[PDB]
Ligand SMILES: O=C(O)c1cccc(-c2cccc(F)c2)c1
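In structure tokens, one chain follows: the form solved without the ligand.
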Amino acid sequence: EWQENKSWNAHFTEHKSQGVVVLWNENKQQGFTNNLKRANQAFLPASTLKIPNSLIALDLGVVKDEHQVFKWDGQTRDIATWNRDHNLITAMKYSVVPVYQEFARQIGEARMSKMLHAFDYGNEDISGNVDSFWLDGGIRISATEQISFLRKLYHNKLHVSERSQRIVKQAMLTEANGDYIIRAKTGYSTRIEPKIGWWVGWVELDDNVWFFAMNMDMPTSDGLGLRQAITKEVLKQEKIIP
């Protein structure tokens, strides 16, 4: 059963923002959120789509492994970290659109769409075009749908090989210490109103896993750090992390 907890709103209020955090306790099969309505609002995935994109690239052998280097094409771009060679680990880490655009062109439009459908990943909206779709059809996904997808990935239940899912979860590694491990992917949807920032993944504990998906209004990039900040604030409140 889903349970709503407005007390989390204070963490959004504090930084003068608007959003939703969704948490799923895997042991208890119970969800929590500050807003069930927006928890179920579908938005563009932005770079959270790189999780299934990576699964598909690995499963088709377009990416051999997390070590294969994809060379910089020489065009310089506004994100300095993109102007360098990358492997799957660092392409995830820095959300390198040109690397993923080259994956997408090797995979194929139609296969991409089919294989995202096989994931139950958001809802139809299939164009376009090749490799960056939305415009006459952009997959949208709600935060709870992100949890549902992430749960299958965690349990290796998706319609791709087990190796593919293992390597993507390695590449999603964001933080680890003696208390918790976070595997997650950020996203920032700018090219259609309303601008929103994403953070989706899970926290592994010794004896439990907490899946989370959050999105929030992001009129400018000044607030991007708040994606992790507000999430951790909520994770601290619910005593998931210290």
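In this text, residue numbers run from 1 along the sequence as written.
When 228-236 is weighed against 5-13, 5-13 comes out higher, by mean CA B-factor as recorded in the entry. When the C-alpha B-factors of 88-96 and 136-144 are averaged, 136-144 comes out higher.
The top Cα temperature factor in the record, among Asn53, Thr48, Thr174, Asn34, falls on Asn34. Looking only at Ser164, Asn156, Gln170, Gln106, the residue with the top Cα B factor in the deposited structure is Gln106. In this PDB entry, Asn215 carries a Cα temperature factor that places it within the lowest third of its chain's modelled residues.
Per-chain ranking of the deposited C-alpha B factor places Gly178 in the middle third. When all modelled residues of the chain are sorted by CA temperature factor, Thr186 is found within the lowest third.
In this PDB entry, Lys152 carries a Cα temperature factor that places it within the lowest third of its chain's modelled residues. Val62: CA B factor lies in the lowest third for its chain, per the PDB record.
Another form exists, deposited with the ligand bound; not displayed. Remarks below refer to it.
Taken together, the three residues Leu60, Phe103 and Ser164 lack any non-hydrogen atom within 4.5 angstroms of the ligand in the entry with it bound. In plain terms, the part of the chain that comes close to the ligand in the entry with it bound, with a heavy atom within 4.5 Å, is 181-189 out of 64-72, 181-189, 51-59, 33-41.
Within 4.5 Å of any heavy atom of the ligand in the entry with it bound lies no heavy atom of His11. Interface residue remark: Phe149 is not counted as part of the site for the ligand in the entry with it bound, having no heavy atom within 4.5 Å.
Taking non-hydrogen atoms only, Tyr121 never approaches the ligand to within 4.5 angstroms in the entry with it bound. Remark: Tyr94 counts among the residues lining the ligand in the entry with it bound, judged by a heavy atom distance of 4.5 Å or less.
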